[PDB]
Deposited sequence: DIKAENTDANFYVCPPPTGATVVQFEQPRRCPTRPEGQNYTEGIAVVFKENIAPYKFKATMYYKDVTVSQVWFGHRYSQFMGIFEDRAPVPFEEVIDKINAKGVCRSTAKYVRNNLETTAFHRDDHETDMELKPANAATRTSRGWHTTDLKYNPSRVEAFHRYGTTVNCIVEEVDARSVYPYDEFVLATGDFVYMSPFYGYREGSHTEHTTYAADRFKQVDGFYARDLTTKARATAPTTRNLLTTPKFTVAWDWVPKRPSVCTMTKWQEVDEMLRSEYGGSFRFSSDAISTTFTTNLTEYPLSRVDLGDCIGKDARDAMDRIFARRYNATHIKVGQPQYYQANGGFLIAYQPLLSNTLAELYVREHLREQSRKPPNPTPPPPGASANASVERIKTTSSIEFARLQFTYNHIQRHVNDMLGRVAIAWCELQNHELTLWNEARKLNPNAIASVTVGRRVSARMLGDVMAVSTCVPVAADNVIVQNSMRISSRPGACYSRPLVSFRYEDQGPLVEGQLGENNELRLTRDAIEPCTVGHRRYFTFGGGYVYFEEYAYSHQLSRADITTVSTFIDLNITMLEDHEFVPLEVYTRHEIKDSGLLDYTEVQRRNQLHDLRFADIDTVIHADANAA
């Protein structure tokens, strides 16, 4: 507060001031132009190529047992796998569901032959292997090992030959120059190797005579032809149905189908936002040439497929497709297939690498969303504020006429004296006067002229604590008027409260009564409340559902662990340096 008093000499043209005129208020931004569309999002494909294959091989075993007195002991059990020749796969196994009891094949640069039970060759029926949970189908000919008849004090050999046929899952990873079987065996030939148109261009690490391709092939299940591939390796023969590389594999995978994908141009790039998955992708304005995608023949297909299925299910009756689907590369390695729409209301080759984290895009979407909202609303507050200030000037132009000192003091920033000199305002500073130098007189009446009373209290004061006593009249807000003119006709029931210092001086019947604190008068406010509080600090702690360790441990068997342990066997349970001689 300022319970300090003031004297305000009449202002002279010395200083003149004018009110600032209306400011040009801001205008609301044009507004973003969004394009309704359907989108299909693709990601780098990390899944291997999977296809069915059949294995044809024979387990060949030759035991050596020495029959001692009362017992017999294995001296050695030689085991090996032999590939079933093409001819035999075609004419025996596939044609008749049978297999020879002999195994003739090349091993260690030598053609070796093995007869089951060691006797004359005979065709054998393939029978279902023994059931087993979570396993493919298998078939074999024999089920018992063949050991030599006993002959004491002698070493004898026995040959076993179990013809085995197994259907197995096959897998291949880019660039598909080789593949693996579910048994752990690698095949160093492309799953797409063949003779038909350019196929022979694919990779193969085997001599020509090891591979065979049979057209219009029919398989027998122990109804359409297939081009059947047949590769015979040193340990087995493997077959699979040949299909062309390009309409089969893809370096991308469909990831998200988005009904409502808004697109907008902004600072040289497109923003693709999906309210449904709370994501915003960013791309250049120029489409990405789909043909540049190394083996991505599934994208166009998949997008069209999904795209039409969505159009029908949701826009066929309210919008129209605007042009051909477009393709864009988003930051993070996401390929977006986009189909613009519009409501009727109007009427070198390379591989894309994708990030495993979509968080940046969700943060982008979230941030953009809040940002847009706060800039929009606070922007409106600003415009409304400016407008209100401009509007207010009109009221101040009228107030300044009724009370120039008060309006000027508020506007100038300090207690001043003022008066209108036309359309401008002349002002002069007022001089402070210590409260202890001001005396309020007991009477407001004028004996001089009966019936006439002063309208406000009379006073006596001095500018300096030692200075002379000057008489005047009390004005508003502690102003000391040098003239005692404020008068009126004495009235009955005279009651008044005048601002005096930090409280009021009360008069009744034109006589001083007493002073008081503002606390004795009830207060009413002209102010409109507004309780704004700050958004408080918040801390985000690291948080994971599963740690890399839990994940590493989610696997039943750990190859590294198993190898580490198993290879310590000798250092643990055996001597390695002792040379017995």
- Query: Quick one: where does the model skip the deposited sequence?
  - Reply: 1 to 6, 229 to 234, 360 to 388, 623 to 628
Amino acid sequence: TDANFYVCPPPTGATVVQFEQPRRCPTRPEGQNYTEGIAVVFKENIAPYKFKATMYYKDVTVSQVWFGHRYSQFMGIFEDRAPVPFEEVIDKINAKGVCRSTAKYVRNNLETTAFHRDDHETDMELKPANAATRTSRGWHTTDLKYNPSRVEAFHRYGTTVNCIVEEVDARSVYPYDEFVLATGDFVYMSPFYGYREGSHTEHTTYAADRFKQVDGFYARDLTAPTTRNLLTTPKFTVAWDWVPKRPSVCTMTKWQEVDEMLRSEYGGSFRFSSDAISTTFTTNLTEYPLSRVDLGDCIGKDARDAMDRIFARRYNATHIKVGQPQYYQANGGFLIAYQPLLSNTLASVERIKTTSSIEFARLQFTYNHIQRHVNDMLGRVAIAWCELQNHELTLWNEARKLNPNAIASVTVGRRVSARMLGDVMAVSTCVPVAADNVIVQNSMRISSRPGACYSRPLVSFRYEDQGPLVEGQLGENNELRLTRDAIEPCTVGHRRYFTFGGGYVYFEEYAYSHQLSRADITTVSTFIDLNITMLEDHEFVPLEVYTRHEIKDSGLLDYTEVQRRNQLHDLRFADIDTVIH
From here on, numbers count along this sequence of modelled residues.
- When the C-alpha temperature factors are averaged for each of 492 to 500 and 382 to 390, which stretch ends up with the higher value in the entry? 492 to 500
- Note on the structure: Comparing mean C-alpha B factor in the record for 470 to 478 and 369 to 377, the higher one is 470 to 478
- Query: Which of these has the highest Cα B-factor in the record: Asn45, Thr533, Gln64, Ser525?
  - Reply: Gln64
- Item | Given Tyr463, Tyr193, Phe186, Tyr206, the residue at which the Cα B factor reaches its maximum | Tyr463
- Query: Among the chain's modelled residues, which third holds the C-alpha B-factor of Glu539?
  - Reply: lowest
- Query: Hey, what third does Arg24 fall into on Cα B-factor, ranked over its chain?
  - Reply: middle
- Task: Could you look up the Cα B-factor of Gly68 in the entry and say which third of the chain it sits in: lowest, middle or highest?
- Result: highest
- Against its chain's modelled residues, does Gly37's Cα B factor rank lowest, middle or highest third? lowest
- So, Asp91's CA B-factor, relative to its chain, sits in which third? The highest
